[PDB]
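> Next up, coords.csv (CSV, C-alpha atoms and all ligand atoms).
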```
chain,number,residue,atom,x,y,z
U,1,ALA,CA,0.0,0.0,0.0
U,2,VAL,CA,1.1,3.6,0.1
U,3,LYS,CA,1.6,4.8,3.7
U,4,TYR,CA,1.7,8.4,5.0
U,5,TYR,CA,4.1,9.6,7.7
U,6,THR,CA,3.5,12.4,10.2
U,7,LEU,CA,5.9,15.3,10.7
U,8,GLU,CA,6.5,13.7,14.1
U,9,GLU,CA,7.3,10.2,12.7
U,10,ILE,CA,9.5,11.8,10.0
U,11,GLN,CA,11.2,14.0,12.7
U,12,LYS,CA,12.3,10.8,14.6
U,13,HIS,CA,14.3,9.9,11.4
U,14,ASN,CA,16.8,12.7,11.4
U,15,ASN,CA,19.9,11.1,13.1
U,16,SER,CA,22.6,8.3,13.1
U,17,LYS,CA,20.6,5.7,11.2
U,18,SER,CA,17.6,7.1,9.4
U,19,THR,CA,17.8,10.4,7.3
U,20,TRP,CA,14.2,10.9,6.2
U,21,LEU,CA,12.9,14.3,5.0
U,22,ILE,CA,9.9,15.9,3.2
U,23,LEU,CA,10.3,17.3,-0.3
U,24,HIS,CA,7.0,18.8,-1.7
U,25,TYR,CA,5.0,16.8,0.8
U,26,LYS,CA,6.7,13.5,-0.3
U,27,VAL,CA,8.8,11.6,2.2
U,28,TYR,CA,12.2,10.2,1.1
U,29,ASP,CA,14.5,7.8,3.0
U,30,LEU,CA,18.0,8.5,1.6
U,31,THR,CA,19.8,7.2,4.7
U,32,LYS,CA,21.9,4.6,2.8
U,33,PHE,CA,22.5,7.4,0.1
U,34,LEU,CA,24.2,9.8,2.5
U,35,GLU,CA,27.8,9.1,1.2
U,36,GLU,CA,26.5,8.4,-2.3
U,37,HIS,CA,24.7,11.8,-2.6
U,38,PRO,CA,26.9,14.2,-4.5
U,39,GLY,CA,25.9,17.1,-2.2
U,40,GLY,CA,27.5,15.8,1.0
U,41,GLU,CA,26.0,13.7,3.9
U,42,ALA,CA,26.2,16.7,6.3
U,43,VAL,CA,23.7,18.9,4.4
U,44,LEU,CA,21.2,16.0,3.9
U,45,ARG,CA,21.6,15.2,7.6
U,46,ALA,CA,21.1,18.8,8.8
U,47,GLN,CA,17.9,19.0,6.7
U,48,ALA,CA,16.7,15.6,7.8
U,49,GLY,CA,13.5,15.1,9.8
U,50,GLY,CA,11.2,17.7,8.2
U,51,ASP,CA,10.6,20.1,5.4
U,52,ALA,CA,13.7,20.3,3.2
U,53,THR,CA,11.6,21.3,0.1
U,54,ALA,CA,12.9,24.8,0.0
U,55,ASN,CA,16.5,23.6,0.6
U,56,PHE,CA,16.1,20.9,-2.2
U,57,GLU,CA,14.7,23.4,-4.8
U,58,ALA,CA,17.0,26.3,-3.6
U,59,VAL,CA,19.9,24.1,-4.4
U,60,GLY,CA,18.1,22.8,-7.5
U,61,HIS,CA,18.1,19.2,-8.7
U,62,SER,CA,17.9,17.8,-12.3
U,63,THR,CA,15.3,15.6,-13.9
U,64,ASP,CA,17.5,12.6,-13.2
U,65,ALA,CA,17.7,13.6,-9.6
U,66,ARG,CA,14.0,14.2,-9.4
U,67,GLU,CA,13.4,10.7,-10.9
U,68,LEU,CA,16.1,9.2,-8.6
U,69,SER,CA,14.2,10.7,-5.7
U,70,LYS,CA,11.1,8.6,-6.6
U,71,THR,CA,13.3,5.5,-6.3
U,72,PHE,CA,13.8,6.6,-2.6
U,73,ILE,CA,10.1,7.5,-2.1
U,74,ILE,CA,8.7,5.8,0.9
U,75,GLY,CA,5.4,7.6,1.1
U,76,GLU,CA,3.8,11.0,1.6
U,77,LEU,CA,3.2,13.6,4.3
U,78,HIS,CA,0.2,12.6,6.6
U,79,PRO,CA,-3.1,14.4,5.7
U,80,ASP,CA,-3.2,15.6,9.3
U,81,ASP,CA,-0.1,17.8,8.8
U,82,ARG,CA,-1.0,19.6,5.6
S,101,LIG,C1,15.2,13.7,-3.2
S,101,LIG,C2,16.3,13.2,-2.7
S,101,LIG,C3,17.7,13.6,-3.3
S,101,LIG,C4,18.3,13.1,-4.4
S,101,LIG,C5,17.9,11.8,-5.2
S,101,LIG,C6,19.4,14.0,-4.7
S,101,LIG,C7,20.2,13.8,-5.8
S,101,LIG,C8,21.3,14.7,-6.1
S,101,LIG,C9,22.1,14.6,-7.3
S,101,LIG,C10,22.1,13.5,-8.4
S,101,LIG,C11,22.9,15.7,-7.3
S,101,LIG,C12,23.7,16.2,-8.5
S,101,LIG,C13,23.0,17.5,-9.2
S,101,LIG,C14,22.0,17.1,-10.3
S,101,LIG,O1,22.5,16.4,-11.2
S,101,LIG,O2,20.9,17.5,-10.2
S,101,LIG,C15,22.7,16.4,-6.1
S,101,LIG,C16,23.4,17.5,-5.7
S,101,LIG,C17,23.2,18.2,-4.5
S,101,LIG,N1,22.2,18.0,-3.6
S,101,LIG,FE1,20.8,16.5,-3.7
S,101,LIG,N2,19.4,14.9,-3.8
S,101,LIG,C18,18.4,14.8,-2.9
S,101,LIG,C19,18.0,15.6,-1.8
S,101,LIG,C20,18.8,16.7,-1.4
S,101,LIG,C21,18.4,17.5,-0.2
S,101,LIG,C22,17.2,17.4,0.7
S,101,LIG,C23,19.4,18.5,-0.2
S,101,LIG,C24,19.3,19.7,0.7
S,101,LIG,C25,20.0,19.8,1.8
S,101,LIG,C26,20.4,18.3,-1.2
S,101,LIG,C27,21.5,19.1,-1.5
S,101,LIG,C28,22.3,18.9,-2.6
S,101,LIG,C29,23.5,19.7,-2.8
S,101,LIG,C30,24.0,20.9,-2.0
S,101,LIG,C31,24.0,19.3,-4.0
S,101,LIG,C32,25.3,19.9,-4.7
S,101,LIG,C33,25.1,21.2,-5.4
S,101,LIG,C34,26.4,21.7,-5.9
S,101,LIG,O3,27.3,21.9,-5.1
S,101,LIG,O4,26.5,22.0,-7.1
S,101,LIG,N3,19.9,17.2,-1.9
S,101,LIG,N4,21.7,15.8,-5.4
```
Show me the file's structure as structure tokens.


Amino acid sequence: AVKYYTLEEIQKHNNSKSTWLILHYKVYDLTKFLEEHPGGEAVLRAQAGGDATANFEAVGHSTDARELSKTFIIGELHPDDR
């Protein structure tokens, strides 16, 4: 099924193990991609656990990168949040 995640639940995934984040109300686990991500782990980590939409777009990310993101899609932002 799809499953949605609350800001809370996503928040708990900001550290040492699980880097989740929200881009455009869509939740992405990239925790295993930290080193792999050619923008550094640190910035992903720092932005983990919440809205990183503005950060993501402010940096800017190609079509490839946008499509890549979907491969790391776990679900969406809970309809209670938005
Ligand atoms: C949706 C998940 C993400 C994927 C799949 C992804 C993928 C990529 C890829 C492939 C690039 C290379 C640039 C391109 O070809 O577009 C990149 C660069 C970069 N990303 Fe991400 N990214 C993600 C999320 C984020 C987030 C949340 C941040 C914000 C903190 C971030 C910050 C950066 C930075 C700073 C660069 C390097 C920009 C530069 O120095 O030129 N990324 N990313």

> Which residues sit within 6 Å of ligand LIG 101 (chain S), counting all atoms listed in the file, listed as number ranges by chain?

U: 37-39, 43-44, 47, 52, 55-56, 59, 61-62, 65, 68-69

> For the atom pair atom CA of residue 50 of chain U and atom CA of residue 63 of chain U, what is the interatomic distance in Å to one decimal place?

22.6 Å

> Could you check which of U:11, U:3, U:78, U:19 is closest to residue 42 of chain U, using all atoms listed in the file?

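Nearest to residue 42 of chain U: U:19.
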
> List the residues sitting within 6 Å of (18.7, 10.6, 7.0) in the file's frame, using only C-alpha atoms, as a ChimeraX atom specification.

/U:14,18-20,30-31,45,48

> So, with only C-alpha atoms as the atoms that count, which of U:58, U:27, U:46, U:34 lies closest to residue 4 of chain U?

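Under the stated criterion, the closest residue is U:27.
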
> At what distance in Å, to one decimal, does atom CA of residue 53 of chain U lie from atom CA of residue 15 of chain U?

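Going from atom CA of residue 15 of chain U over to atom CA of residue 53 of chain U covers 18.5 Å.
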
> Taking (11.5, 18.4, 0.7) in the coordinates of the supplied file, I want to know which residues reach to within 7 Å of it, counting only C-alpha atoms; could you give the answer as JSON, numbers by chain?

{"U": [21, 22, 23, 24, 25, 26, 51, 52, 53, 54, 56]}

> Can you pull out every residue within 9 Å of residue 2 of chain U, counting all atoms listed in the file, but drop anything in the same chain fewer than 3 positions away, and send it as a list in words?

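Here the answer would be residues 74, 75 and 76 of chain U.
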
> Could you write out the selected residues, including C-alpha atoms, as a short mmCIF file (atom, residue, chain, number, x, y, z; two decimals), in the frame of the given file?


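That gives us result-v3.cif:
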```cif
data_model
loop_
_atom_site.label_atom_id
_atom_site.label_comp_id
_atom_site.auth_asym_id
_atom_site.auth_seq_id
_atom_site.Cartn_x
_atom_site.Cartn_y
_atom_site.Cartn_z
CA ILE U 74 8.70 5.80 0.90
CA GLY U 75 5.40 7.60 1.10
CA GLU U 76 3.80 11.00 1.60
#
```

> Report, in Å with one decimal, the straight-line distance from atom CA of residue 8 of chain U to atom CA of residue 66 of chain U.

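Interatomic distance here is 24.7 Å.
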
> Looking at all atoms listed in the file, which of U:10, U:72, U:16, U:49 is the one that sits closest to residue 29 of chain U?

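Using all atoms listed in the file, residue 29 of chain U sits closest to U:72.
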
> Which residue, U:82, U:5, U:57, U:64, has the smallest gap to residue 28 of chain U when you use all atoms listed in the file?

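Nearest to residue 28 of chain U: U:5.
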